[PDB]
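Chain nomenclature is as follows: A, B, C, D, E, F, G, H, I, J, K, L, M, N and O, assigned in order of appearance, with residue numbering initiated at 1 for each chain independently.
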Amino acid sequence: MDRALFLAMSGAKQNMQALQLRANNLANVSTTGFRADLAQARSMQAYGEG
Amino acid sequence: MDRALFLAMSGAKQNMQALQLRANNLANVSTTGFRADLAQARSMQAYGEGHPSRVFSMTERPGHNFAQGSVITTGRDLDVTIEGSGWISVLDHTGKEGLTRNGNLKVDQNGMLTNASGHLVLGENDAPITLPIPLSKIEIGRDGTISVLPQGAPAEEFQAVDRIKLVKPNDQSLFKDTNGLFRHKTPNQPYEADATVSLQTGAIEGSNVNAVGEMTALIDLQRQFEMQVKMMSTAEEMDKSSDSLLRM
Amino acid sequence: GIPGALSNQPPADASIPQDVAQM
Amino acid sequence: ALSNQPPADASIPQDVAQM
Amino acid sequence: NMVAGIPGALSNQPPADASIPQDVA
Amino acid sequence: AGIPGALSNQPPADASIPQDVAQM
Amino acid sequence: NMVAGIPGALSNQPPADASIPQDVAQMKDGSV
Amino acid sequence: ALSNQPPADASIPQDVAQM
Amino acid sequence: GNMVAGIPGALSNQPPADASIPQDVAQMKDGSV
Amino acid sequence: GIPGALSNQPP
Amino acid sequence: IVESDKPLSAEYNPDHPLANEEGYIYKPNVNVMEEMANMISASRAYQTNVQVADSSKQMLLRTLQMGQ
Amino acid sequence: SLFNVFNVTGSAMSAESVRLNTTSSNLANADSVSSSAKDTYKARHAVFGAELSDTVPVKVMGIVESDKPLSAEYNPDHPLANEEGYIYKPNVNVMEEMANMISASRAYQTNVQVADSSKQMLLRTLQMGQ
Amino acid sequence: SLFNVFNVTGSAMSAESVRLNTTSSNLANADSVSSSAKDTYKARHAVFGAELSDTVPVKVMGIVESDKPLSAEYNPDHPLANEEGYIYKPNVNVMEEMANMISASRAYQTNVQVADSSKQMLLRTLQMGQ
Amino acid sequence: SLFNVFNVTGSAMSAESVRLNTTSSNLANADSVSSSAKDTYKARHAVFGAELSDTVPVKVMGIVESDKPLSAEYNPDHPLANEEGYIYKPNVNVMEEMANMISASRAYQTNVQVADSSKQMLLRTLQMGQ
Amino acid sequence: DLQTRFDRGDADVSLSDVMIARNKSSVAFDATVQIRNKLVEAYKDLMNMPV
């Protein structure tokens, strides 16, 4: 079918991974000498014909 | 094929137009001095030879809701709201006088008193109101009188400079123009400056859109739209069936 | 004929003496 | 039913008074 | 003598809609 | 031509003029 | 030559997401 | 349109400088 | 005469208590007219 | 032959 | 064509331009349920008369072929 | 002369075909903002004609653009907008395009039946006296 | 002809697919501060255009980026923060993408009906002669 | 030879049905730590293939597991915990399995349409001449 | 010509016109066959006459 199904799936999958990184931050609020982890998303384009 | 396809299509098209008319009111709930537009349907019979069975329905704007809007107290000197019924005379960018209800006034660098939309506000002289440039205290009177204080002048120097032109014509003779300014339906008709209308200074008049009234209109427009669509479907269904007559 | 049947012609009305008078 | 005069065109007036 | 006009939905609605060009109508 | 600010799908090279877009 | 690979979700991903095994990604070019 | 050679694949790099 | 007539459809197939049919048309059904 | 394919027989 | 004798449904729209002295406006007495039944009944009645005419058309043709 | 019905039914088939092509273009270009405000797409409609100087063929007299005003939209983000942030869109009404699709298809297939039945009458004429 | 409808409607099917994919990339990059290609992604739009060249197919003439300024957010401790400390994020507007998502799907499905409508007319046109 | 089409569509449906069962086993084992064979379940993915060199059937050449690491969970009191108290779970991703379920179903149904449409062409050829 | 123009893939030819064209040619040739058979039957009738 249309490739927008996987284009959105590849975005929803990363949001869960970003959610995991934030979950590790909140689990480590009481931890001693813990440096918080930053989460960011990188935009990568599929270069080619079209 | 049966002319009932177009009779139902013309009704379904108009129901969309009335839906868009109600949509503009909901998009303009927070607009200042906004009069909600009324929507209705008119039955126009197709007079001619044959049985009188075909009547079209087209939507129209019979009028506007001229009720008092929701007043917002801002504690600002240059904010005024019309008490009861009335209008404020303003001229748009085309220099054409039109009635407004947006009392969110402001003063530009040259001193001319404009509103939030940039329309110059008229006065007693029927010319746009101009204030002295270096003011110190601007108070709008309840009857529209504008009294200003020169820069550095003592308290006992509250001299009046202009009077806001308040017009109260018949609400049934006013139509909303292409830029939201209500004008007389009859052209070249002067706007008489009324002295009975009053301004509640320090407050802003909101829109009078009845949100429930629009929502219940929406649900009725949807159902009537869908029923006519079924009429279109059954019109072509009958046409397809009445095609085996020539199918020898 | 059927009583109360509608007509397929504009309905002679009031304003414009023209209709109020001509049968 | 057949006739010699062509059938008249329908009106569908917006307002009957305007005519 | 000719009889011309736009067929379909654009002509089967009251003239107050004003969709057909004046010249064509 | 048409739109004036259309993009180019080719990877940036900075040396070759992109011919994917209608460069006129 | 024969071309092949995993279809669906795994392949419709950027190469950085190493879901596809390395040797299977090789097959996606050409083989004989 | 059509062509006599297969079209190239699509590049999705995490850093365009390395292609 | 001896002609039977009336409104067809859903309007006629109701008890006469509804009184949604004009009395002129309602007698016309009988057959007297 | 797909390198490293799973099999369908008890290990 | 004869109009229905049901009373017009009066609605309280006092701010409407067409409101009477009591603030009521009147709307057509069209009932949705009976109009939908007419849509179903008229369409099914229309299609079954085509069936009779088509069947009757065949019977005339077989009469022409009678004897030969 | 021997096929007058075919020339009329066939003309309708060609006439109704153009109306379907015009409908397809109107629906496919209902959201084509294009550029400027006068080059914007406008709903096109064929004009049927009948010259009654027997049989009166139906002739398409050219495609005519609709006179409906363009649908204005406020969008001061599209780079092809204007001073007030408005993009004018084609005056294509979906409901009237759907009705034309229904009317064109049914009327086109009706003339197929007439043309097909016309051939049968011609074939039966050849069997006269046999 | 009726086959031209397939080319015209088929072009719209591809056209609405391009806008759907563009919207998908907009929704997936609404919160992406970084990007390969050294460019903070900006909202992209597919600008349709009627290729008049009767039958008027619709073509995508190129993808155009949004003109709205990027959303600046004060994140001084981020490695991508400037001297003032603001990081910039794409100007993707969620509401317009949802509206584009609805419009693209509705326009895509109504092009299927026209192709289906033209298909039946050709099949009946073939039954003539049998 | 439209009978070759039935082989291609028939092989396609077999390939899509294999992927669906693979997706079914992934959803059923997204939380399974143990196994019959003493090795943690890894997400499975059937490998499609094409012998391009007319009609090229799609063939499944085997099931290949994903190489992503098993998701470790800190469950120190679990009987299967390692020296550091971590138990390992399959790397099944829920979002990517739902897309495979949607893709496998749609790809399955569109091959039925091709097979049915190709069936009509063969039957129409049988009527040629006769 | 209209059959092969539409069959080769020319987009300026309508299926309706092609079907019209082959409908008329088929009817026209069928009329030709009927006249031919009557001419031959008359000649065959003519040769079987007393003379």
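Worth pointing out:
Criterion: contacts are C-beta pairs under 8 Å (C-beta built on N, C-alpha and C of every residue); 3 or more make two chains touch, one makes a residue touch a chain.
Shared contacts of chain J and chain N, meaning chains that touch the two of them, come down to G. Identification of common neighbours of chain A and chain J yields G, N.
Innermost chain of the displayed assembly, by C-alpha centre distance to the whole-protein C-alpha centre, is M. With rounding to the nearest 5, the Cα superposition of chain L on chain N corresponds to a rotation angle of 100 degrees. Rounded to a whole number, the gap between the C-alpha centres of chain A and chain G is 23 angstrom. If you average the Cα atoms of chain F and of chain H, the two centres end up 16 Å apart. Between the CA-based centres of chain B and chain O the separation comes to 73 Å, rounded to the whole angstrom. For the pair chain F and chain G, the distance between C-alpha centroids works out to 30 Å. Shared interface positions of chain M, defined as residues touching 2 or more other chains, are 1-2, 4, 36-37, 47, 49, 64-65, 125, 128. For chain F, residues touching at least two other chains, in rising order: 2-3, 5, 11-12. Contact of a single residue of chain A with at least two other chains is seen at positions 3, 6-7, 9-10, 42, 44-45, 47-49.
Screening every pair of chains for touch gives A-F, A-G, A-H, A-M, A-N, B-C, B-D, B-E, B-K, B-L, C-D, C-I, C-K, D-E, E-L, F-H, F-L, F-M, G-H, G-J, G-N, H-M, I-K, J-N, L-M, L-O, M-O. Chain M makes touch with chain H in their complex at residues 36-38. Per the touch definition, chain K reaches chain I in the complex via residues 2, 4-6, 33-35, 37-38, 41-42.
Every residue of chain A that touches chain M in the complex is listed here, in rising order: 2-4, 7-8, 10-11, 38, 40-45. By the touch rule above, chain B contacts chain D in their complex via residues 42, 44-49, 56, 58.
By the touch rule above, chain J contacts chain G in their complex via residues 2-4.
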